[PDB]
Amino acid sequence: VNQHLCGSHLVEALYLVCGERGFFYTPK
Amino acid sequence: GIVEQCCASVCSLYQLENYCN
Ligand SMILES: [Cu+2]
């Protein structure tokens, strides 16, 4: 399902999705 | 980009996978 994700809620979602792979958080 | 799109618009968890290492 589609997501409305701002601020810290976006990095939680990144953490969940990527897990041990890790991720980059790169705003504009 | 993703940070803006997810917040200003909406995004999918599949779109988020593009940001995994
Ligand atoms: Cu909140």
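Numbered from 1 within each chain, the chains take letters A, B, ... in sequence-line order.
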Are B/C11 and B/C6 within a span of less than 2.5 Å, counting SG to SG? yes
Does A/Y15 sit in a hydrophobic cluster with other residues, and if so which ones, taking ILVMFWY side chains as linked at heavy-atom separations under 4.5 Å, directly or through other members? A/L5, A/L10, A/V11, A/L14, A/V17, A/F23, A/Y25, B/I2, B/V3, B/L13, B/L16, B/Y19
Members besides A/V1 in its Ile/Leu/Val/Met/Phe/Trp/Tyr cluster (side-chain heavy atoms under 4.5 Å): none
Applying side chain to side chain donor-acceptor pair (under 3.5 Å) to B/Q5 and not counting sequence neighbours gives B/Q15
Can you tell me if A/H4 has over 12 outside heavy atoms packed within less than 6.0 Å of its NE2? yes
